[PDB]
**Student:** 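Questions regarding the structure given below will be posed in turn.
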Amino acid sequence: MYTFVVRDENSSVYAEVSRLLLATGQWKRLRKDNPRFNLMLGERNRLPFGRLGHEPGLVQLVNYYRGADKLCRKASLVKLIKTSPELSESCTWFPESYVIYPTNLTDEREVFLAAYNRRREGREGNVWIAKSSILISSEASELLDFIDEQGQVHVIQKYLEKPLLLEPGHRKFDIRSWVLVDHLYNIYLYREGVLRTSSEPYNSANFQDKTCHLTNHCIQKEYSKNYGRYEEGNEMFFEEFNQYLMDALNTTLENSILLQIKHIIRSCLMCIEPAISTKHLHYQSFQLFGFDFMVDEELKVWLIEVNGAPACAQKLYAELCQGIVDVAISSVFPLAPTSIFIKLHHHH
Amino acid sequence: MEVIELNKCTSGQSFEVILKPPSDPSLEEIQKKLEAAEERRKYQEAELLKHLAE
Amino acid sequence: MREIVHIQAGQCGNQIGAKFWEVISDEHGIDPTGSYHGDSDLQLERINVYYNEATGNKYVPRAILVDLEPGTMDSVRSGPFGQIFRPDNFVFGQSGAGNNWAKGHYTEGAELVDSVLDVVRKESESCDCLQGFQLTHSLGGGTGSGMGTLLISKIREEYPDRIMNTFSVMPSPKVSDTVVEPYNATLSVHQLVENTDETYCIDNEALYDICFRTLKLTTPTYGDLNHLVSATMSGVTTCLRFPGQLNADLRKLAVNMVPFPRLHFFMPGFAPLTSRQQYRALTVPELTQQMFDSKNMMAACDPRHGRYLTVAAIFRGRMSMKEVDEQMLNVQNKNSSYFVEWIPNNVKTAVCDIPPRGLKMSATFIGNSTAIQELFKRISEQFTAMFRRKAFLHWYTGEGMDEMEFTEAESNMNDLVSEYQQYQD
Amino acid sequence: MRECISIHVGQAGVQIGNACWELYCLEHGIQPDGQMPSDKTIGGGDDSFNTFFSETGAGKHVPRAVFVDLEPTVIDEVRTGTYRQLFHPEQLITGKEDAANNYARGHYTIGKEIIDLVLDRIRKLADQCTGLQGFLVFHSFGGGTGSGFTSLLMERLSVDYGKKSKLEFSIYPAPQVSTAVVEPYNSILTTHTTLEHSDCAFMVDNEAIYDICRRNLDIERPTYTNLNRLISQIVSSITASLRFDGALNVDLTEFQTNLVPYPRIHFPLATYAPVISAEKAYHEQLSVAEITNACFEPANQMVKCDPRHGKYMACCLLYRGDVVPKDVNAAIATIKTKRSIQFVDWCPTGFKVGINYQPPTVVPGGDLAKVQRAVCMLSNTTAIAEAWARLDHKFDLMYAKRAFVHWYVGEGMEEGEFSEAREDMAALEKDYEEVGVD
Ligand SMILES: Nc1nc2c(ncn2[C@@H]2O[C@H](COP(=O)(O)OP(=O)(O)OP(=O)(O)O)[C@@H](O)[C@H]2O)c(=O)[nH]1
Ligand SMILES: Nc1ncnc2c1ncn2[C@@H]1O[C@H](COP(=O)(O)OP(=O)(O)CP(=O)(O)O)[C@@H](O)[C@H]1O
Ligand SMILES: Nc1nc2c(ncn2[C@@H]2O[C@H](COP(=O)(O)OP(=O)(O)O)[C@@H](O)[C@H]2O)c(=O)[nH]1
Ligand SMILES: CC(C)N(C)c1ncnc2c1cnn2C
Ligand SMILES: [Ca+2]
Ligand SMILES: [Ca+2]
Ligand SMILES: [Ca+2]
Ligand SMILES: [Mg+2]
Ligand SMILES: [Mg+2]
Ligand SMILES: [Mg+2]
């Protein structure tokens, strides 16, 4: 009989995993403060990793990698890419980004303005976006004055003024991919992705209305007036998106986009493997990640951000959550296909 | 990767490598704590004997 | 040299105590005449814990036999190992206690208690460093119950900083001598709540059910019940009488088993308990599952009705200590809903290479469980069924007691039950 | 030459002390009778080994050691053991009944009645020292004596030897090898009252020693003898600089200078490699790089924790055996480019290296195989705060219910000392977080 504890009641994902575990009649849920557990479905913030792997006779597993925040934080991701030789400062698939601390608090203010003036003088498209843990402007004065009005660290990166627009609609979009890393640090890519499409036509002469530029499911379902017109819930799955690329661009989702996506996921996760791996550790880790990608009109993929506690598409909850139990949990605590994941081999 | 202060003798040697530069209660007070705790023990035992005498 | 002074009082106390010294004497190689005839140094490593050494290499138990009538102790002096006891350590009267707590505690018993303490003082004066005392007795009668708790009260007055443990047989209507047993047990329990550090609660009904249901004994006798108590008493004293990687005296044991001063009433158990399919080797999983099974427990309380504050398990015999930790860590990690989560690692295990007589290996269970409140609930309910009508009270008021003292014993008991209730939620 | 006095308190301290002096004797060529054939100065001398051994006119080399226990059974093994001849009776002190795992009993009740005796016996050893450096104090966190009496002794030593350094070797409680439930109380009580009196403390978590004995030595259920033989190797690696010719960590003061820039944060993490099973057919000898790389594997640390998620304040590499500086620096460079070694910004990113050519001595019939080279890394990481966190959490669970508190109050301790001690630990945990996290 395997035991587990739930410490994040708000996780829609592991709420289903906890629902499945009990359905096998071989896992037992304990009070959230009971230390005699095999599996911890831990909290998002301040997870006490130091209290794991110290119960005699219990092999303990947790659904978060200690140290993965370096990748799942806006400012941290920028620093990692610029300071990690595995990614270098000339990393071709990450938009030019800079870490900018508000004046009321190292900082890359001067470096940003240097590349800014370079674009403004060279007639180049000089539109950037500011965000933290949103403002889209073509003038650096507005971008910097907006960060000083807050109090947290922000990041300014180049804005993709040439996004790939779906037709009909002439509308922006982003690609979400779910990646599961198990205790052996195998990188699995869920075969099912989702495009969160903007139901509004992309407009490059007015960044004031952020409804056609931000493809977040909450903004489209709150500030957009064409929600659910072209696809149900502004969510296009791979089957349709792939069929579209064939009819329109005469290419496939695998060739045109997925190869770059798999390459980016590998580079990011292999880079931090020495720092977060639980191979020789007294406890084991696994984590589900949500990568957000952008595609330009040249069919080049760009990494937007990585989410450490992602949500799933309603249609793909059962399949993915079951897949988490198959490779992430039962692989360590076995029970008494055609896998849904794509193993991204690599050198450890 | 510098080596500094290298010292060698018959039974070994020692050195320093720098990869990067940087960026009470008196005796009287103890007696009071000890005696204070002894007094509380005496008080507790006296209340036990008084209880047993009742 | 951490000596323990043993005291047995009353009929039950002396019949159970007699068998106890019979059992452990065999384990230490002491014959009925006090002469050692073992074959292992482990039998003498800690022999002085329970035995004095007289001239001629004779070992005399450090035991004091108390009773208000001669009968039961005349039987001991004529029993198997009767000759092994110090003749001066028999202290007895002639009147009896008539199964009356007031007689044991206030009238008949008071006339005899001084001479009992004279012997106790004699045994203590001869101890290098006295660990503490252990008293065997029943709570349903008059001598072991009323005078036993009187003895405890006076031993505590003269040795306030020594450990006082008891093996206390709780009465049950199914195995009962008189109808006043709830009165006597309720009056005693309050004494034990105040003046003992550890009380092993032994329920005669549980001893009966084990002899009938598990042991398949059609009509159990008191001798059959006492066989279970002997084996259990030998088990709980194993890590006191033999050398091992555990250096624990009575005080260190109490410190780790009693988180709250008044909640010091333990459920003991034993395994195996096989009916005569008796030569079958018992595996470690079977020992562990049985030792935690209620049917192997002697307090007649279902542990699943409460929560364990602390648990101690002692394994005897040659076995896989690695395999012990696995099964033990399997019971806890398979039923952690019955252990309190606010005492980390409250389940401890001890090993002993010397198994009991006629067993390849055994396990003794010692649990401080809040389920013991059910035992005090039964007693309280029987007490109140009679006391509300003042039934049989005249036996006690005729000895000088007042009804107020009964009302106070009732409240103290119900407060005890209330204290267990809060630590179970 | 300056002398070092070792003090062993409680069962854990005494048995560990017994295993270390066995190892010391094998290392210095001292026989159980105290004789040392290679010591050509009879009855005198100021050599490096004289920091730990005095000499009688008859040539006996007597440890500068005091053993203390509130119960006699553990110290009786020393009196009748193999090395009974080393010590004289004045060095062995035993009470009648122990502290019963009760800090208050060892600190107040019993300690108050034996403290002056211990100081007298220590004063005797001090009077033999021409230049006493300080003290090495061995004890457990969990025992009533090791916790309670140790803190009292440390307070008095600070009064009687104000200008002397005091180092600790403390055994952190592990449930797998303990039958006690109140050890979290004792650990936190003794750390609170000892903090301002210890200049440097090497915590060894029994859980780590236990797993190393099962993983590397193939001991299915290690005993205290197994644990103590491994612990005495690590202790020997740490004290070798005081007992052998050298230039690194030549006196107790240097341990604080090289390992503790902030006084309260004085708990270095110890890592040791390699630990090879003697029963093995024959192991392949590991290189300087491989054993140095092993110093950054959690599996060989004396306290299980993750230094990748802390910051270093200092780092010492202590090699024994066939090691030349060239190979040390080469392996270090390789580790920097591979490992997560983040230093605090107000401290240099460096490594002090000491090499002793004599390889680790192994006790005949022991569990450890003879190796050609070994290393012990002493690093001061904020990661060791994980051990304080674990311990403080267990404390909170029991103290929320006042479980077992009556045993301590009953011995004369005020309940307030529980909260005063816990709040001191809360501040110690805050100190680590200010030095390590960003
Ligand atoms: N590594 C190691 N740990 C030990 C040893 N002896 C005891 N311990 C640990 O110490 C703790 C118990 O404290 P002890 O040192 O035995 O007790 P004490 O200091 O003698 O104090 P008392 O309560 O008076 O007995 C437990 O955590 C044990 O695991 C030993 O020889 N080696
Ligand atoms: N450099 C850039 N160029 C073009 N569009 C960008 C961009 N950075 C962000 N976006 C837009 O913003 C959206 C993603 O915003 P971001 O991910 O930073 O906010 P967020 O993290 O709160 C949403 P979530 O984490 O849930 O995916 C995408 O839909 C994308 O269209
Ligand atoms: N287990 C056991 N219980 C007994 C024995 N003798 C009496 N009892 C129980 O003890 C109670 C009677 O007390 P008893 O010891 O005979 O009275 P006392 O001689 O005045 O102390 C009743 O509950 C009996 O069931 C015995 O030999 N073994
Ligand atoms: C303190 C407990 C858990 N321990 C280790 C014990 N071990 C063996 N026999 C014991 C005890 C306690 N009582 N008795 C009779
Ligand atoms: Ca009379
Ligand atoms: Ca000399
Ligand atoms: Ca000081
Ligand atoms: Mg996000
Ligand atoms: Mg009778
Ligand atoms: Mg001890």
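Throughout, a chain's letter reflects where its sequence line sits, starting with A, and its residues are numbered from 1. Ligands are counted one by one from 1 in listed order, and the atoms in each one are counted from 1 as well.
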**Student:** Which is it for C/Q11 and ligand 3 at heavy atoms under 4.0 Å: side chain, backbone, both or neither?
**Tutor:** both
**Student:** Using 2.8 Å as the threshold, say whether any N, O or S atom from A/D292 sits that close to the Mg ion (ligand 8).
**Tutor:** no
**Student:** Backbone or side chain, does C/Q11 get an N/O/S atom under 2.8 Å to the Mg ion (ligand 9)?
**Tutor:** yes
**Student:** For A/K70, does the NZ atom have more than 12 heavy-atom neighbours from other residues, nucleotides or ligands under 6.0 Å away?
**Tutor:** no
**Student:** Is a side-chain donor-acceptor pair under 3.5 Å present for C/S188 with C/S145?
**Tutor:** yes
**Student:** Short N/O distance, under 3.5 Å, between C/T143 and ligand 3?
**Tutor:** yes
**Student:** Test C/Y183 against every option in C/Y396, C/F392, C/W395 by the ring pair (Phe, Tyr, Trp, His ring centres under 6.0 Å) rule and name the one that passes.
**Tutor:** C/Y396
**Student:** Report the part of C/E181 in contact with ligand 3, treating N, CA, C, O as backbone and CB onward as side chain, heavy atoms under 4.0 Å; options are side chain, backbone, both, neither.
**Tutor:** side chain
**Student:** Do any nitrogen or oxygen atoms of C/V175 come within less than 3.5 Å of a nitrogen or oxygen of ligand 3?
**Tutor:** yes
**Student:** Tell me which one of C/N226, C/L228, C/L225, C/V169 gets a heavy atom nearest to atom 2 (C) of ligand 3.
**Tutor:** C/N226
**Student:** Checking a contact table here: which protein heavy atom is nearest atom 15 (O) of ligand 3, and how many Å away?
**Tutor:** C/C12 N, 2.9 Å
**Student:** Just checking A/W178 against A/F291, ring centres under 6.0 Å apart?
**Tutor:** no
**Student:** If I apply the N/O under 3.5 Å rule, does C/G141 come out as touching ligand 3?
**Tutor:** yes
**Student:** Any cation-pi pair here, C/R77 with C/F90, using under 6.0 Å and within 45°?
**Tutor:** yes
**Student:** Applying a heavy-atom cut-off of 4.0 Å, say which part of C/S138 lies close to ligand 3: side chain, backbone, both or neither.
**Tutor:** side chain
**Student:** Donor-acceptor pair, A/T197 side chain versus A/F173 backbone, under 3.5 Å?
**Tutor:** no
**Student:** Between C/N204 and ligand 3, which part of the residue brings a heavy atom under 4.0 Å of the ligand: side chain, backbone, both or neither?
**Tutor:** side chain
